[PDB]
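Down below is the structure, laid out as structure tokens.
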Amino acid sequence: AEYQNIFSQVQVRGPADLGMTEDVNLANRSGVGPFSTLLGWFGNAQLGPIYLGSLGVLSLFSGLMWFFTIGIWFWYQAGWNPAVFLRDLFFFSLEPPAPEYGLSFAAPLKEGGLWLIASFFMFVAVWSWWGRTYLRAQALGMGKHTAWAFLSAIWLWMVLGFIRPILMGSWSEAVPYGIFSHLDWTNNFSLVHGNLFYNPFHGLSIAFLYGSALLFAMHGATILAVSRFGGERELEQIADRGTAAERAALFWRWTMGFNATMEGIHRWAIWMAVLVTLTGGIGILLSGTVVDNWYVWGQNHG
Amino acid sequence: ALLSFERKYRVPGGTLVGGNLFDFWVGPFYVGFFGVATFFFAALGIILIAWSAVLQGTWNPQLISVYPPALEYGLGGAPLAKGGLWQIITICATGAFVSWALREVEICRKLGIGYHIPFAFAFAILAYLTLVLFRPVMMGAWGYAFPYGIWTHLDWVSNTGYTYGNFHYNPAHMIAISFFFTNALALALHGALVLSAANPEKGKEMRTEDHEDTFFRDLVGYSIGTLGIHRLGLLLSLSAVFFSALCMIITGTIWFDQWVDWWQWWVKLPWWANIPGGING
Amino acid sequence: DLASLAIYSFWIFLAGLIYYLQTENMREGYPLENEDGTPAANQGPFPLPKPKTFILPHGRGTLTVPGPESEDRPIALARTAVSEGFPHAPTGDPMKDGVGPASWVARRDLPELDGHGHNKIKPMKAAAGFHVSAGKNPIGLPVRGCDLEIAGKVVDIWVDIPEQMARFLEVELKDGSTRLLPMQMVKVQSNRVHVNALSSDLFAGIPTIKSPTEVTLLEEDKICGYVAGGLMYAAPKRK
Ligand code: BCL
Ligand code: BCL
Ligand code: BCL
Ligand code: BCL
Ligand SMILES: CC[C@H]1c2cc3[nH]c4c(c3C)C(=O)[C@H](C(=O)OC)c4c3nc(cc4[nH]c(cc(n2)[C@@H]1C)c(C(C)=O)c4C)[C@@H](C)[C@@H]3CCC(=O)OC/C=C(\C)CCC[C@H](C)CCC[C@H](C)CCCC(C)C
Ligand SMILES: CC[C@H]1c2cc3[nH]c4c(c3C)C(=O)[C@H](C(=O)OC)c4c3nc(cc4[nH]c(cc(n2)[C@@H]1C)c(C(C)=O)c4C)[C@@H](C)[C@@H]3CCC(=O)OC/C=C(\C)CCC[C@H](C)CCC[C@H](C)CCCC(C)C
Ligand SMILES: COC(C)(C)C/C=C/C(C)=C/C=C/C(C)=C/C=C/C(C)=C\C=C\C=C(C)\C=C\C=C(/C)CC/C=C(\C)CCC=C(C)C
Ligand SMILES: CCCCCCCCCCCC[N+](C)(C)[O-]
Ligand SMILES: CCCCCCCCCCCC[N+](C)(C)[O-]
Ligand SMILES: CCCCCCCCCCCC[N+](C)(C)[O-]
Ligand SMILES: CCCCCCCCCCCC[N+](C)(C)[O-]
Ligand SMILES: [Fe+3]
């Protein structure tokens, strides 16, 4: 049994790391938190410092409001009984206002008003966290990749609960907040649009989702296999290619006839993943707005 | 035919079977004994599929489909035209995959690297083998397996699914989706992080792995690090396919009713089974 | 209809994406060569990308890829056949000449610097505040080779300061001289550190570092190269 390098054999702690400074306002960075010996077997042990500016707190307030609004409703349904609350936890659901009210904000709370309220809160929570994702990068001088990639996730979300409800003229087209109920919605959606297995965007989204698990399995396993030559130091292997980068490229070239570079593999990676929610959001956006039934559409594309 | 740095790595040795007999390349491709084994198994399978296409009367790939023996044949043989072509192709596919994995182990040895890749591939091979071999054998007929066609195999997914109600409610299937969605979140992030460090603004210098850790700590108050994120990705992925295989090996065998109803063990727990109010009372 | 325009558009986008992605992954190793180092005739369908330039931190200069590709070292190998596609035999000691699984590349002879500009990898003695915080501390442990003899003893752990991670063990030989072994190639046990890749007589041969408080990217590559190459070449001394 040679060492496989999935868990560290020996942890090593030094002075807490307060990070690079660049242009970050350090007034907003918290203090280094504890050190997890548990986490440290797999990755970093430092639960060190989080930055919290004005966007960060806007995000955390809105996020909790959304989370609490759904929760007090769950208790109302549970009859304030803690045993029933815990029993029927996955069964509770905050449902959208019925089709009658359309795209209006005039529905009663015990009939979808709470849904609008929670959604407004989730809306500000998500876009402010996105802005946070951009600004945190600009402070450090880094490219905006993480922000662009996050936009693709926002796309699907944006379509499921906002854009497509508005093109259908009703808030009842949106997803309810609930564990079992948001699943039933998903099943119901495919059924009502003539089976999503016929949506050519759904099957593309699936290919990318599958391909993400394939790619990361490939990449992760490859960096581990060449970590005996310092493979994980990816940025330096980009600026000054070592034998880690070469052996990695060569494994794959000898296997499938082509290969990536150390930078290039991360371009493959960001795109494979990004196209999951990109293609997915287009396929949902078209469902019920332009195509009523994907079986029918598939029979005579048009 | 060679990368600028390639020649120093193309030395003799590392093969598992046959010595130096198959120790060579064709263009970029390494051969080896299992390179030969893969071609054999792949050619046979492709020939059997073409011959299965003539019995059907299409050469359209969107129509072609090779079905298992029907349930009547059990775990026994079947005439080629109605079951046996599938059964043999399945042996030819299994043979192509295992051979391919073992060919990766030989490429590993010549390059002096770890075995993580073959190891990871063997999880995909295992998921396939669950659907076409393990679950069929436990159930009692090859007919429970899936058909080799582009859309017909999707039909099998839909019909196997709905045999048990909304298949969302398979709890092992819930777990597998989590890893799938999480593994893609992680892949988006890892790729974006390295690229934002490698490609900063304007005429800024190349950032460092320190900036990468700072960025994430800035953002969510933690950063797992470069060794870690590669250990994570390998794990989320392999975990997703592990729970996938699991959710199917239990469906039709230990559980064969509607999956939604399994969740009544929870709601009929005696402490709260009868208490009025809620959804289930 | 709209949906048919969208899917047709997507397939054309995806093709330009695959093209972009593949040319991006041609910034190293290309153009392709024949086994004699001359430019191969068939390069495939994709052209080389327009070069890009990384501004390296710490005034270390500039990198432009794609650019002139050369090994910048002797390759002690010889053809075993009259045609393309066959193994190239080591003409000397593959371990010592640095070929095959023992390959290294001529990386820069500077150490890697962290974000602030300090050496990334230090010995722990010179690493202010760093300590073994979990697992068996290897320092002081005898080191065994794949022939079941002792080769040395661990005198220190060299750490990645930004990663807060053990990258090497420094080992002392009968000489009194030390070597670096990579963490990834050793098994830290309760009574010893075991090394599968190397037998005891091969520890002397490990590339030494020219300054005893820092490793360079060139020396990391020669050391890691040397001990990985042992899995193949030290195998008439294993089990
Ligand atoms: C295809 C898109 C469909 C849909 C189809 C499904 C299906 C199908 C499944 C889920 C599942 C999940 N969905 Mg959903 N879901 C949609 C949109 C959403 C959105 C949204 C867009 O805002 C949210 C917040 C969720 C949230 C959730 C989680 C409750 C759960 C795990 C997600 C995950 O692994 O993230 C990964 C990353 C994270 C950072 C996690 C953080 C989020 C927290 C809330 C996750 C808790 C998970 C929990 C600890 C373990 C699973 C539950 C237990 C088995 C009881 N879904 C739409 C309507 N969703 C799975 C599930 O298990 O539900 C029961 C599942 O099987
Ligand atoms: C995995 C769980 C289910 C299942 C559920 C689904 C669902 C649900 C969907 C697919 C979809 C696909 N499935 Mg399926 N599928 C299963 C098992 C398989 C197996 C198998 C085990 O051997 C294969 C070969 C495939 C292959 C495929 C592709 C035709 C298609 C694209 C997915 C993809 O991008 O992969 C990720 C991998 C990569 C990007 C790497 C490249 C792999 C290429 C694309 C493989 C294509 C080869 C194919 C044409 C067969 C050639 C055989 C011989 C060489 C002639 N499925 C089982 C039964 N599959 C999607 C589709 O588009 O329907 C048509 C879809 O919506
Ligand atoms: C019976 C079910 C139907 C069906 C109905 C649907 C529906 C409906 C949808 C999908 C969608 C998807 N389906 Mg389908 N699907 C079926 C069968 C399958 C099968 C199969 C049988 O093997 C597979 C592999 C898939 C696979 C997939 C995915 C490719 C795709 C979702 C991508 C994603 O990552 O969303 C996960 C990601 C998100 C939802 C975005 C999340 C973004 C936000 C911003 C994050 C949450 C933030 C929030 C503030 C919370 C943070 C705090 C936390 C709570 C802690 N489906 C059948 C045909 N499927 C989706 C799609 O893309 O359609 C094409 C979709 O909406
Ligand atoms: C209507 C459909 C039902 C349903 C019914 C089922 C059933 C039934 C199954 C799944 C399975 C899966 N479901 Mg479901 N599922 C539904 C809705 C969903 C939703 C959703 C609504 O959002 C999602 C995200 C999922 C997600 C998932 C995954 C967890 C899982 C598929 C991954 C997998 O097994 O890979 C595993 C990967 C492989 C088998 C591929 C192996 C590849 C091999 C080794 C090599 C191929 C080589 C190739 C031929 C070479 C070609 C290339 C070149 C020519 C060389 N389901 C609804 C409720 N689901 C499947 C599963 O869990 O499988 C175990 C399954 O069978
Ligand atoms: C291409 C799309 C893929 C993807 C990518 C992706 N997602 C992203 C990003 C990217 C590139 C980001 O940069 C961004 C991120 O911040 O990553 C860490 C994000 C993100 N994706 C997230 C979730 C997520 N993404 C999903 C999916 C996907 N994201 C795909 C796989 C899903 C699915 C599968 O449905 C989920 C659940 C978030 C972790 C994060 C954005 C967070 C956000 O915007 O919310 C704002 C803040 C709040 C709501 C705070 C309240 C949180 C809780 C409701 C309360 C509990 C927390 C509290 C602090 C108390 C703790 C007490 C405990 C005891 C509980
Ligand atoms: C941990 C599992 C995850 C993963 C990982 C993974 N896959 C891998 C690897 C790894 C680590 C490789 O090293 C290996 C690779 O070489 O990648 C480029 C591979 C690989 N994963 C592949 C595909 C693949 N992986 C899949 C899934 C997964 N792979 C998961 C996401 C899927 C899914 C999601 O469906 C597919 C389609 C291949 C690209 C490659 C293996 C290629 C190979 O085995 O070559 C030998 C075989 C042939 C040349 C052809 C044989 C043909 C048969 C004889 C006849 C056809 C039979 C078949 C059943 C037809 C079915 C068709 C219909 C269903 C449409
Ligand atoms: C323990 O006790 C406490 C107090 C903590 C309460 C417990 C909390 C609980 C039990 C929380 C449970 C919540 C759950 C499980 C939520 C589940 C959500 C799920 C599973 C999926 C979410 C999908 C929803 C999406 C896709 C919503 C998208 C919303 C948008 C795109 C924005 C929509 C915005 C609207 C309509 C308003 C627009 C307004 C303007 C002015 C722009
Ligand atoms: C419908 C909105 C979709 C937004 C998609 C944004 C594309 C971002 C692509 C990933 C980042 C790419 N890069 C490196 C080319 O900049
Ligand atoms: C499915 C993608 C496969 C990519 C493999 C590309 C290899 C091209 C090799 C061309 C040189 C010639 N050959 C095969 C005769 O040796
Ligand atoms: C062939 C016609 C053009 C189709 C569109 C091509 C899309 C290329 C996508 C990659 C662009 C990348 N980027 C932003 C990094 O330059
Ligand atoms: C999803 C798989 C996409 C594969 C795209 C095609 C890759 C083949 C490129 C071969 C280029 C290399 N070569 C061998 C000529 O140097
Ligand atoms: Fe990486």
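Naming scheme: A, B, ... for chains in displayed order of the structure tokens; residues 1 onward per chain; ligands 1 onward as shown.
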
Practice problem: Output the contact residues of chain C with respect to chain A at a cut-off of 6 Å, based on only C-alpha atoms, as a list in words. | Solution: residues 1, 24, 25, 104, 105, 129, 130, 131, 132, 133, 134, 135, 165, 184, 187 and 224 of chain C

Practice problem: From a DSSP pass on the backbone, collect the residues of segment 20-192 of chain B flagged as strand (DSSP E) and hand them back as a PyMOL selection string. | Solution: chain B and resi 25-26+29-30

Go ahead and dump the residues you just picked, N, CA and C atoms, as a CSV table (one decimal), in the first residue's frame.
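Output file again23.csv follows:
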```
chain,number,residue,atom,x,y,z
B,25,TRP,N,3.5,2.6,-29.8
B,25,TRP,CA,2.5,3.6,-30.1
B,25,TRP,C,2.0,3.5,-31.5
B,26,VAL,N,0.8,3.9,-31.8
B,26,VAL,CA,0.3,4.2,-33.2
B,26,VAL,C,-0.1,5.7,-33.1
B,29,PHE,N,-1.5,7.4,-29.7
B,29,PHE,CA,-2.1,6.3,-28.9
B,29,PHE,C,-1.1,5.3,-28.5
B,30,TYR,N,-1.1,5.0,-27.2
B,30,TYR,CA,-0.4,3.9,-26.7
B,30,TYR,C,-1.2,2.6,-27.0
```

Quiz item: Can I get the residues close to ligand 6 as a ChimeraX atom specification, where close means within 7 Å and we count only C-alpha atoms and all ligand atoms?
Solution: /A:210-214,217-218,255-256 /B:38,41-46,89-90,92-93,96-97,100-101,117-118,120-121,123-124,147-150,153,237-238,241

Exercise. Could you tell me which of A:124, A:196, A:137, A:107 comes closest to ligand 7 if we count only C-alpha atoms and all ligand atoms?
Key: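 Residue with the minimum atom-to-atom distance to ligand 7: A:124.
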
Exercise. Please identify all polymer residues within 8 Å of segment 37-52 of chain C, counting only C-alpha atoms, omitting same-chain residues fewer than 2 positions from it, and present them as JSON, numbers by chain.
Key: {"B": [1, 4], "C": [19, 22, 23, 24, 26, 27, 30, 31, 32, 33, 34, 35, 54, 64, 65, 66, 67]}

Give me, as CSV, the closest atom pair and its distance (Å, one decimal) for every residue of segment 130-195 of chain B within a cut-off of 12 Å of segment 203-209 of chain B, counting only C-alpha atoms, rows sorted by chain and rising number.
```
residue,atom,partner,partner_atom,distance
B:190,CA,B:209,CA,11.9
B:193,CA,B:209,CA,9.3
B:194,CA,B:209,CA,8.2
B:195,CA,B:207,CA,9.8
```

Exercise. Find the residues near segment 66-80 of chain B: any atom within 10 Å, counting only C-alpha atoms, skip ones fewer than 3 places away on the same chain, and give them as an MDAnalysis selection string.
Key: chainID B and resid 48:49 52:53 55:56 83:90 132 136:149 152:153
